[PDB]
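Listing of protein_34.pdb, PDB, C-alpha atoms (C1' of nucleotides)
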ATOM      1  CA  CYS A 112      20.806  15.601  35.382  1.00  0.00           C
ATOM      2  CA  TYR A 113      22.325  18.184  33.061  1.00  0.00           C
ATOM      3  CA  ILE A 114      20.266  18.562  29.897  1.00  0.00           C
ATOM      4  CA  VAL A 115      22.866  19.751  27.360  1.00  0.00           C
ATOM      5  CA  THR A 116      26.639  19.319  27.631  1.00  0.00           C
ATOM      6  CA  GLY A 117      28.228  19.272  24.176  1.00  0.00           C
ATOM      7  CA  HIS A 118      31.934  20.048  24.004  1.00  0.00           C
ATOM      8  CA  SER A 119      33.931  22.774  25.742  1.00  0.00           C
ATOM      9  CA  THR A 120      34.695  25.525  23.229  1.00  0.00           C
ATOM     10  CA  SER A 121      35.148  28.462  25.632  1.00  0.00           C
ATOM     11  CA  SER A 122      36.270  28.783  29.244  1.00  0.00           C
ATOM     12  CA  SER A 123      34.759  31.081  31.889  1.00  0.00           C
ATOM     13  CA  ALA A 124      36.586  30.452  35.160  1.00  0.00           C
ATOM     14  CA  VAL A 125      34.194  32.824  36.936  1.00  0.00           C
ATOM     15  CA  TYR A 126      31.288  30.526  36.069  1.00  0.00           C
ATOM     16  CA  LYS A 127      33.275  27.415  36.997  1.00  0.00           C
ATOM     17  CA  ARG A 128      34.135  28.914  40.395  1.00  0.00           C
ATOM     18  CA  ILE A 129      30.781  30.505  41.271  1.00  0.00           C
ATOM     19  CA  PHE A 130      28.850  27.361  40.350  1.00  0.00           C
ATOM     20  CA  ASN A 131      30.361  23.977  41.086  1.00  0.00           C
ATOM     21  CA  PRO A 132      31.017  22.119  37.815  1.00  0.00           C
ATOM     22  CA  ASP A 133      30.175  18.442  37.381  1.00  0.00           C
ATOM     23  CA  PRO A 134      31.541  17.136  34.067  1.00  0.00           C
ATOM     24  CA  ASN A 135      30.916  13.555  35.214  1.00  0.00           C
ATOM     25  CA  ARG A 136      27.119  13.919  35.196  1.00  0.00           C
ATOM     26  CA  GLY A 137      25.532  12.865  31.916  1.00  0.00           C
ATOM     27  CA  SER A 138      22.116  13.726  30.501  1.00  0.00           C
ATOM     28  CA  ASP A 139      18.545  12.514  30.325  1.00  0.00           C
ATOM     29  CA  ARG A 140      17.912  10.189  27.389  1.00  0.00           C
ATOM     30  CA  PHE A 141      14.235  10.276  26.371  1.00  0.00           C
ATOM     31  CA  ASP A 142      10.594   9.766  27.391  1.00  0.00           C
ATOM     32  CA  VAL A 143       9.813   6.776  25.136  1.00  0.00           C
ATOM     33  CA  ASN A 144       8.976   3.374  26.625  1.00  0.00           C
ATOM     34  CA  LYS A 145      12.727   2.790  26.574  1.00  0.00           C
ATOM     35  CA  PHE A 146      14.068   4.707  29.582  1.00  0.00           C
ATOM     36  CA  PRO A 147      10.842   6.544  30.511  1.00  0.00           C
ATOM     37  CA  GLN A 148      12.172   7.386  33.980  1.00  0.00           C
ATOM     38  CA  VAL A 149      13.966  10.746  34.032  1.00  0.00           C
ATOM     39  CA  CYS A 150      15.577  13.189  36.423  1.00  0.00           C
ATOM     40  CA  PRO A 151      13.151  15.245  38.548  1.00  0.00           C
ATOM     41  CA  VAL A 152      14.219  18.479  36.850  1.00  0.00           C
ATOM     42  CA  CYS A 153      13.666  16.944  33.412  1.00  0.00           C
ATOM     43  CA  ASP A 154      10.245  15.694  34.514  1.00  0.00           C
ATOM     44  CA  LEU A 155       9.286  19.127  35.844  1.00  0.00           C
ATOM     45  CA  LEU A 156      10.564  21.449  33.130  1.00  0.00           C
ATOM     46  CA  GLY A 157      10.802  19.318  30.004  1.00  0.00           C
ATOM     47  CA  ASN A 158      12.913  16.901  27.930  1.00  0.00           C
ATOM     48  CA  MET A 159      13.218  15.786  24.300  1.00  0.00           C
ATOM     49  CA  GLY A 160       9.740  14.534  23.404  1.00  0.00           C
ATOM     50  CA  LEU A 161       8.460  15.078  26.952  1.00  0.00           C
ATOM     51  CA  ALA A 162       6.601  18.329  27.326  1.00  0.00           C
ATOM     52  CA  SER A 163       6.710  20.827  30.144  1.00  0.00           C
ATOM     53  CA  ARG A 164       4.196  20.744  32.934  1.00  0.00           C
ATOM     54  CA  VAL A 165       5.299  24.333  32.971  1.00  0.00           C
ATOM     55  CA  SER A 166       5.409  27.313  30.626  1.00  0.00           C
TER      56      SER A 166
ATOM     57  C1'   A B   1     -37.942 -84.825 -77.015  1.00  0.00           C
ATOM     58  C1'   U B   2     -44.710 -81.046 -74.135  1.00  0.00           C
ATOM     59  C1'   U B   3     -49.639 -79.768 -80.423  1.00  0.00           C
ATOM     60  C1'   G B   4     -44.335 -76.242 -80.188  1.00  0.00           C
ATOM     61  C1'   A B   5     -40.820 -73.001 -81.456  1.00  0.00           C
ATOM     62  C1'   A B   6     -38.460 -67.683 -80.482  1.00  0.00           C
ATOM     63  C1'   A B   7     -38.737 -63.200 -79.097  1.00  0.00           C
ATOM     64  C1'   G B   8     -35.791 -57.975 -72.474  1.00  0.00           C
ATOM     65  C1'   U B   9     -42.379 -54.652 -71.729  1.00  0.00           C
ATOM     66  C1'   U B  10     -38.217 -52.229 -73.771  1.00  0.00           C
ATOM     67  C1'   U B  11     -37.215 -47.835 -75.106  1.00  0.00           C
ATOM     68  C1'   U B  12     -37.354 -41.718 -74.205  1.00  0.00           C
ATOM     69  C1'   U B  13     -38.549 -37.404 -70.110  1.00  0.00           C
ATOM     70  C1'   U B  14     -33.542 -33.643 -64.238  1.00  0.00           C
ATOM     71  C1'   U B  15     -39.600 -33.080 -59.159  1.00  0.00           C
ATOM     72  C1'   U B  16     -38.153 -27.853 -61.479  1.00  0.00           C
ATOM     73  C1'   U B  17     -39.645 -22.449 -60.726  1.00  0.00           C
ATOM     74  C1'   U B  18     -41.587 -18.260 -57.382  1.00  0.00           C
ATOM     75  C1'   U B  19     -39.878 -16.647 -51.219  1.00  0.00           C
ATOM     76  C1'   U B  20     -33.963 -12.301 -47.134  1.00  0.00           C
ATOM     77  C1'   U B  21     -36.792 -15.836 -40.275  1.00  0.00           C
ATOM     78  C1'   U B  22     -38.169 -10.438 -41.024  1.00  0.00           C
ATOM     79  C1'   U B  23     -40.116  -5.478 -37.933  1.00  0.00           C
ATOM     80  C1'   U B  24     -40.243  -3.428 -33.245  1.00  0.00           C
ATOM     81  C1'   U B  25     -36.792  -3.670 -27.685  1.00  0.00           C
ATOM     82  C1'   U B  26     -31.169   2.542 -24.757  1.00  0.00           C
ATOM     83  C1'   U B  27     -28.272  -3.547 -19.353  1.00  0.00           C
ATOM     84  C1'   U B  28     -30.705   1.324 -16.468  1.00  0.00           C
ATOM     85  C1'   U B  29     -33.082   2.947 -11.407  1.00  0.00           C
ATOM     86  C1'   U B  30     -30.934   4.381  -6.707  1.00  0.00           C
ATOM     87  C1'   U B  31     -25.789   5.283  -3.073  1.00  0.00           C
ATOM     88  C1'   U B  32     -21.438  12.424  -0.984  1.00  0.00           C
ATOM     89  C1'   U B  33     -14.679   8.175  -0.687  1.00  0.00           C
ATOM     90  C1'   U B  34     -15.895  10.005   4.948  1.00  0.00           C
ATOM     91  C1'   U B  35     -14.333   9.360  10.043  1.00  0.00           C
ATOM     92  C1'   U B  36     -11.557  10.006  14.567  1.00  0.00           C
ATOM     93  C1'   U B  37      -5.260  12.760  14.769  1.00  0.00           C
ATOM     94  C1'   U B  38      -2.823  20.433  17.654  1.00  0.00           C
ATOM     95  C1'   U B  39       3.490  19.901  12.791  1.00  0.00           C
ATOM     96  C1'   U B  40       4.305  18.888  18.837  1.00  0.00           C
ATOM     97  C1'   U B  41       8.707  18.380  22.715  1.00  0.00           C
ATOM     98  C1'   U B  42      14.043  19.440  24.084  1.00  0.00           C
ATOM     99  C1'   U B  43      17.919  24.588  23.488  1.00  0.00           C
ATOM    100  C1'   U B  44      19.488  31.386  28.438  1.00  0.00           C
ATOM    101  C1'   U B  45      22.124  35.523  21.608  1.00  0.00           C
ATOM    102  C1'   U B  46      25.781  34.367  23.622  1.00  0.00           C
ATOM    103  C1'   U B  47      33.057  34.571  26.702  1.00  0.00           C
ATOM    104  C1'   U B  48      39.728  35.653  27.556  1.00  0.00           C
TER     105        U B  48
END

Transcribe the structure of this file into structure tokens.
Amino acid sequence: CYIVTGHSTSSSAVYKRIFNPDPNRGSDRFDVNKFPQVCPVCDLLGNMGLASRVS
RNA sequence: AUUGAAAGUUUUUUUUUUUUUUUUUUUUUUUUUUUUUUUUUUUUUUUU
């Protein structure tokens, strides 16, 4: 799950071609009792309010 | 209807004066407002 999306303010077609874009995919929500399950990457690295098993 | 009677025991006099329920007697002696809690996590100084 992508962590930060925001809005598209600049275009870099080289990035869009080298790496496959996926605008459909959303983002992880939180680590509170509401929606505690997260994407594996968010669980590994970190998320808002969930720390990083890694540094 | 008496031997036969008609007389207030009355007038007058303050139970009054002297004397602070008073002196001494600290509602104090002791008791730490402490005690467990990371201002922490998420974010590539960056493109036509």

With all atoms listed in the file counted and 7 Å as the cut-off, give the residues of chain A in contact with chain B, each with its shortest interatomic distance in Å and the pair that gives it, as a tab-separated table.
residue	atom	partner	partner_atom	distance
A:121	CA	B:47	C1'	6.5
A:123	CA	B:47	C1'	6.5
A:157	CA	B:42	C1'	6.8
A:158	CA	B:42	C1'	4.7
A:159	CA	B:42	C1'	3.8
A:160	CA	B:41	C1'	4.0
A:161	CA	B:41	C1'	5.4
A:162	CA	B:41	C1'	5.1

Point to revise | Shell around residue 137 of chain A at 9 Å using all atoms listed in the file, local window under 3 positions removed, as a PyMOL selection string | key: chain A and resi 112-116+134

Point to revise | Between atom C1' of residue 46 of chain B and atom CA of residue 149 of chain A, distance in Å (one decimal) | key: 28.4 Å
